[PDB]
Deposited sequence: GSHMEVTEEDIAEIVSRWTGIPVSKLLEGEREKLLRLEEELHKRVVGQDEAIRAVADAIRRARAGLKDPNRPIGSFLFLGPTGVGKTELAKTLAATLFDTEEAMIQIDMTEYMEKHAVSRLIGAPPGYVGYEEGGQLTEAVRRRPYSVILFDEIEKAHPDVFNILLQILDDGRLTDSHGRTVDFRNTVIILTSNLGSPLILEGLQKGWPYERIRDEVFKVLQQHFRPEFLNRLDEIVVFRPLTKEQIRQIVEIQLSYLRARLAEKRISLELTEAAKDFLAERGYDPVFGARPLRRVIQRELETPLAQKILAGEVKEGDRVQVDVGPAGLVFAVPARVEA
């Protein structure tokens, strides 16, 4: 039977139950390759997440806990959020299924009420109430007030939270992702001041031991250390970040052919150890989109054209065969 599809039936069941389509169609796995469509490198992170999901779906884990819980260590701008968003879209149909909580906004004692509700629901509890199938991302976890930190421990331990009214909110269908870049600025400080490797490594271990206790770490499925990106990995990210632009140009049958020097130009400006690849978006906007816009408006780049992008003296240069 060809007319009614698997997706048709899943859609009806999803609307009737609240269970996401991808969740119902999970069986019809190759989750790593799917996540890799959007996340370049961080192979260890990807396998950690997929392995935990496999253990849960196979019935090997405690049913009264989240699907998975992770701490993502390592530097900023190298894929922690891209993985969380991709995971949400892949497991739960959409990126809207990622809930982000910035712990720098939860540093003071009374922030607990922002999470679970004021004393006689709050941000987190109400969010998870309407979307039980969610990836919850807590950024800079070490900055949370102890009272806030304790509420996370309840989620990990019990797979649920009681809000400030007395109602239990279910977290058994969530994935928990905690992030911290602790250690990364310290390394940069030591490399700039010229400490021997030995002192840098000792100091990193010290700050980790100060903020993260074994009793906390033991609760997690995995601790993953994200790595700085290689030059080739940054080049692959350049290509991904150009997809939308390429799609827009394709409507006018315009194509963009970047030389290797041009791709390296964007890669070199769009990434550093301090911000990771966070700068790359506005580098592409300023170095490529803007002068390309001028050419299109000037009639120099026409519908149908293949445009070669190279490195000139003043930045990128555009030529039309």
| Deposited sequence positions missing from the model - stretches, numbered from 1, in order | 1-2, 31-34, 127-133, 335-339
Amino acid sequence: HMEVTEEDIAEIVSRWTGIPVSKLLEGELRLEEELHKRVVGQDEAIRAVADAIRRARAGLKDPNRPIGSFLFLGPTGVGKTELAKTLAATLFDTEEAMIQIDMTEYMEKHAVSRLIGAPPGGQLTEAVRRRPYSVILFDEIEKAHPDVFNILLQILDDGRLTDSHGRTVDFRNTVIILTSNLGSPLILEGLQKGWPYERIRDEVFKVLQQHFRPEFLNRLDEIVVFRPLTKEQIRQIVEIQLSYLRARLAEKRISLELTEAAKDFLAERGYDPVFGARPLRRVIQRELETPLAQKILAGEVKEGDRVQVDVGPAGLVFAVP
From here on, numbers count along this sequence of modelled residues.
| said: Regarding 272-280 and 30-38, which shows the higher C-alpha temperature factor on average in the entry? | reply: 30-38
| request: Tell me which of 306-314 and 7-15 has the higher mean C-alpha B-factor in the deposited entry. | output: 306-314
| request: Choose from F149, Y197, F226, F212 the residue with the greatest Cα B-factor as stated in the PDB record. | output: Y197
| query | In this PDB entry, which of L83, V169, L156, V238 has the top CA B-factor? | reply | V169
| By its CA B factor, does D221 count among the lowest, middle or highest third of the modelled residues in the chain? | lowest
| task | Sorting the chain's modelled residues by C-alpha B-factor, tell me whether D102 ends up in the lowest, middle or highest third. | result | lowest
| query | Lowest, middle or highest third: where is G79 by C-alpha B factor in its chain? | reply | lowest
| query | Comparing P63 with the other modelled residues of its chain, is its CA B-factor in the lowest, middle or highest third? | reply | highest
| query | How does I177 rank on Cα B-factor within its chain, lowest, middle or highest third? | reply | lowest
